[PDB]
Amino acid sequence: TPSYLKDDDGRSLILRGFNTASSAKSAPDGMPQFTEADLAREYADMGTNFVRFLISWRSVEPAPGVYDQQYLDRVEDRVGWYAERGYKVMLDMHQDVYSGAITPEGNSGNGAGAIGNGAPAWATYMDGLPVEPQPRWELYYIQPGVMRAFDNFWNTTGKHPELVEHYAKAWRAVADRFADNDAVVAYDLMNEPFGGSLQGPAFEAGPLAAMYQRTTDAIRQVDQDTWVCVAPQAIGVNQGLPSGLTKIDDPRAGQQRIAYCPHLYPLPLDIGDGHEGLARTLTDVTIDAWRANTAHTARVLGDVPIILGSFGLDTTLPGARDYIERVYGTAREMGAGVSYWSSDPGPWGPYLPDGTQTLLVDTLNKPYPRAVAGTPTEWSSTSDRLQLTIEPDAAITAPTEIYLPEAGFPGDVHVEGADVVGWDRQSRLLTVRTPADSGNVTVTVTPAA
């Protein structure tokens, strides 16, 4: 059965939010094009309680050994917006195709970029190997200069043992700033690791795991309590193949706080431009295969919690809502958190460029338990109902906290199996208390007559 991240009250967290935001990748100041008013809109429309907040190595460490505390001030400012609205934050050290420094035309400055993004220019060593224009961005991964930049980072070439050490110490700098931040729950060490010339389990169990171990150790010099979240290699594994990632040791006193944060991008959904016919058949197989592989690696890592850190699609495609609902149902059964890709404007996201909602908003805006006083064994919801079964824990005194959308709960609530402590119609938060002396408790929440 699944394991959960916990809040300071000991409640088990069911995490629902977005990646915010891809616009940070190219921004000179490292910040997403996302305001406090945008967060208020998100919360009002969907009741989210989590964010995978994109940060970047190029912003943390713009020159070797010279950390930018002003950038960290900016991150802290945004984290405060989230804190004020009761969100938990996972910071993602984000890259795609290594760096903006992989081409001159795509480099928005010092490794920032709209396509390639992440590492600072000083950490990018392509050794003069070419990077030719490609018709979709993912193809840059296999261009010679990008492959070489990764091979140098992982020190496959033997020429750059320092780069992983810089990466680990950049994470330590972030962790030193955020250790005492009560809204931060997780550090996602690297978006979509790619091995370059080294592929599969030899990469994952070799230099990838070694970087995760070094970085975990560095973070634990300054932060004992934040969950350290590790990803498999993305290529193949995103598409349903197994990971060879191996266990990371957590030097913290007591129980380990490592979590697993894989992504889900079925190939048939992409190539088929939607979720109908044989593409749907094969995407459903992918989801199920992915679930089994994800559960396996989460066991290997020490029976750890899971966060689906990224998944998404163009919501206008045939079958999109069915796909989204399938993924969220799977995450629910797995006890997984979810950060959807992404909050950015356009048909993948919740809002179009003019601020109009896509179908994503209504799809995501469902009741869910946010923080449960005990282990949630099973739950379900529809627009106007939620049911939740809880394995009791008498040590927890904080109430179970549940989001109820206005759409289905226009007035008061009726709760079977628990006492209502609070029903805040402004914040949309229901708080309930359940007995801890009668075994597993089932709570059913419906609109008042």
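All residue numbers are counted from 1 along the displayed sequence.
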TODO: Read off the CA B-factors in the entry, average them over 65-73 and over 386-394, and name the higher stretch.
DONE: 386-394
Open item on the list: Mean Cα B factor from the PDB record: higher for 97-105, or higher for 372-380?
Closed with: 372-380
Open item on the list: So if I compare the CA B-factors in the entry for 325, 92, 180, 344, which one is the largest?
Closed with: 180
- [ ] Compare the CA B factors listed in the entry for 46, 407, 31, 402 and report the winner.
- [x] 407
- [ ] Please place residue 427 in the lowest, middle or highest third of its chain by C-alpha B factor as given in the entry.
- [x] middle
Open item on the list: For the chain shown, is the CA B-factor of residue 26 in the lowest, middle or highest third of its modelled residues?
Closed with: middle
Task: Chain thirds of CA B-factor: placement of residue 337 - done: lowest
Open item on the list: Quick check on the deposited entry: does the C-alpha B-factor of residue 55 sit in the lowest, middle or highest third of its chain?
Closed with: lowest
Task: Chain-relative CA temperature factor third for residue 224 - done: highest
